[PDB]
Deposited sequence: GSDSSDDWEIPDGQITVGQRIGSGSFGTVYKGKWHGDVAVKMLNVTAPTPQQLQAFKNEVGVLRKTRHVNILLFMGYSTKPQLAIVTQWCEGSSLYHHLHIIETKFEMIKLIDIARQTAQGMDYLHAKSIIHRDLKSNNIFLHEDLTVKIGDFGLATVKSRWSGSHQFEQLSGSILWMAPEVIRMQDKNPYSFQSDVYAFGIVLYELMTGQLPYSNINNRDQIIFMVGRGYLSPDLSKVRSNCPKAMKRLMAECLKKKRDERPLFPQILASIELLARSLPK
């Protein structure tokens, strides 16, 4: 069972902000990753959030998903996971811009694809896959994380247009989880964030959701296969329903992987 005996977790250093809470490096039967919520006495609205996330993490078990160890509430609402020695992808491609190699970038693509496949089969929708929620553990293995938004405003440049247009209270879908996977391709394939030459969020928001703006797909490393090119295109396709699902994505990647 999943509630960790209280006052069994040490926490050392602080690492950044998460989604409900803040993240820290800590101990619990080893190096672990802890995300907790400072706030002493917290909201009905907040511990909902936490009850929810937990409710979903408990359901995952799979190499490519960050591995839920436990959760506690006394003295604070804390989620614990394995520690990833390494960095988020984001932090690779755009902080220390790691010249990675093209087979490794397709591997990362495919490992993400694997994780998303797993997620969707279980009817989980991340709603916030982005290169920040992908931690690359011992550079070889991918773990999707941060299940604050998951289920059964977030980070903008991975939002599919229909999330953006905010057409009806709930416009999320495997299909949207796919549009974000496509921006992750766009980053992998181009060592870059989309829309670099625009500095006004609000504008991007508008422009993308309305269809006027979309990733310049011609910025993609030349070493890059063209099928992976066609794939990103099919992934990003503005019209919700045109986008392949993960099983088919997995397939496409795996296929062209024999090169």
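- Residues of the deposited sequence lacking C-alpha coordinates fall in the stretches 1-6, 159-171, 279-281, numbered from 1.
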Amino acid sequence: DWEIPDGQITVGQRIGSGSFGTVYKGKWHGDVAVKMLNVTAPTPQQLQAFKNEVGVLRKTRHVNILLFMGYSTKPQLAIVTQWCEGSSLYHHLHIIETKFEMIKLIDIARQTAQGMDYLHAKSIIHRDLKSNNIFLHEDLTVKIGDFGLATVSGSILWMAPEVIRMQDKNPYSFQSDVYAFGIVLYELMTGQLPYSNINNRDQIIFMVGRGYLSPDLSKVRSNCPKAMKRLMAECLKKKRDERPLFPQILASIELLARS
From here on, numbers count along this sequence of modelled residues.
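Rigid core: the largest C-alpha set superposing within 1.5 Å between the two forms.
- Larger average C-alpha displacement in 4 other deposited structures of this protein, relative to the shown form after a rigid core fit, is seen for 47-55 when comparing 47-55 with 62-70.
- Stretch 5-13 is the one, of 235-243 and 5-13, whose CA positions lie farther from the shown form in 4 other deposited structures of this protein once all structures are superposed by the rigid core.
- Among other deposited entries of this protein with both flanking residues present, at least a third omit coordinates for residue 20.
- According to the PDB record, 35-43 carries the higher mean C-alpha B-factor of the two stretches 35-43 and 227-235.
- Looking at 125-133 and 155-163 together, the entry lists the larger mean B-factor for 155-163, computed on C-alpha atoms.
- Of the candidates 110, 143, 74, 91, the one whose C-alpha carries the top B factor in the deposited record is 74.
- The PDB entry assigns its highest CA temperature factor, among 187, 117, 139, 177, to 139.
- Annotation for residue 105: C-alpha temperature factor in the middle third relative to the rest of the modelled chain, per the entry.
- When the modelled residues of the chain are ordered by their C-alpha B factor, residue 210 lands in the middle third.
- In the deposited entry, the Cα temperature factor of residue 204 places it in the lowest third of its chain's modelled residues.
- Among the modelled residues of its chain, residue 192 has a C-alpha B-factor that falls in the middle third according to the deposited record.
- In the deposited entry, the Cα temperature factor of residue 11 places it in the highest third of its chain's modelled residues.
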